[PDB]
Amino acid sequence: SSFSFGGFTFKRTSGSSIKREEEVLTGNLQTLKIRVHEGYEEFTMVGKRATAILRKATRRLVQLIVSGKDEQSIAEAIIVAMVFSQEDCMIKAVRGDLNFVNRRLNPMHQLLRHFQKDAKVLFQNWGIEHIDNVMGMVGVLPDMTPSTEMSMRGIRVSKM
Ligand SMILES: CC1([C@@H](CC(=O)O)Nc2nc(-c3c[nH]c4ncc(F)cc34)ncc2F)CCC1
């Protein structure tokens with residue numbers, strides 16, 4: 001049971017979820033109704049220029065291991081994973097002048113379209129964490145600089 005989202009083919013490799021229609025608040029205090037997936041799941045994300053392993057719980061990204069052609073491809077996959085995770089810090093990153101969702105249309109696609117234009121606020125607001133040894137995997141900073149000390153929460157970059 002494969003599906004498509006933001007240019008990526010997702011395939012659930014483990015777990016399951018049930019859905020619940022829920023109301024969430026953006027950074028502009030706008031209410032959006034989203035279909036929340038409850039449960040722990042593991043996916044493969046296959047795109048034309050990046051691939052990834054995503055592990056998520058209800059509105060929480062546990063870990064994302066990304067591989068890709070370059071910084072832009074990888075960032076593109078990171079944006080989709082973050083939006084897909086349904087995390088509240090991703091929702092709270094929708095803010096400021098003109099940044100309102102036009103509310104039958106799917107709000108997940110609307111959130112994606114919003115962050116694809118500029119993921120600067122999404123990437124800042126996400127948070128950063130210290131990393132462990134794990135080699136062949138590097139941390140990535142909000143501005144896409146690689147680091148061996150720190151990375152955005154749960155985000156790891158693997159070599160192609
Ligand atoms: C078109 C999307 C989504 C719409 C929906 O919820 O039915 N479609 C699917 N999501 C998930 C699915 C499974 N687990 C999920 N966790 C979060 C999440 F946003 C979606 C899922 N599984 C299968 C889907 F077809 C919007 C993101 C892809």
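Bear in mind that the values in this text are calculations on the coordinates, not laboratory data. Reconstructed Cβ throughout: ideal geometry from the backbone, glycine too, with neighbour counts over all protein chains shown.
Sorted from fewest to most neighbouring beta carbons within 10 Å, what does the list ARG103, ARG156 look like?
Starting with the residue having the fewest Cβ neighbours, the order is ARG103, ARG156.
Modelled label-to-label distance, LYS19 and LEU98, 7 Å Cα→beta-carbon offset: nm?
3.1 nm
As a footprinting exposure proxy, order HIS114, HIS109 by other Cβ within 10 Å, with the fewest listed first.
Details: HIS114 20, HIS109 12.
Ordered by Cβ neighbours within 10 Å, fewest first: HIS109, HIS114.
Please give the calculated 222 nm ellipticity per residue for the chain, where each DSSP H segment of at least 4 residues contributes -39500 (n - 2.57) and the sum is spread over every residue; nearest 500 deg cm²/dmol?
Result for the chain, helices only: -6500 deg cm²/dmol.
Short version: what are the Cα gyration tensor semi-axes of region 1-153, square root of 5 times each eigenvalue, largest first, in whole Å?
24, 19, 15
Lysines near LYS19 by alpha-carbon distance under 19 Å, same-chain residues fewer than 8 away left out - which ones?
Those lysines meeting the cut-off are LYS11, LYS33, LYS56.
Fewest Cβ neighbours within 10 Å first, please rank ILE65, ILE155, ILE18, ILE91 accordingly.
Ranked by crowding around the Cβ, least crowded first: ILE18, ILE65, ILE91, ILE155.
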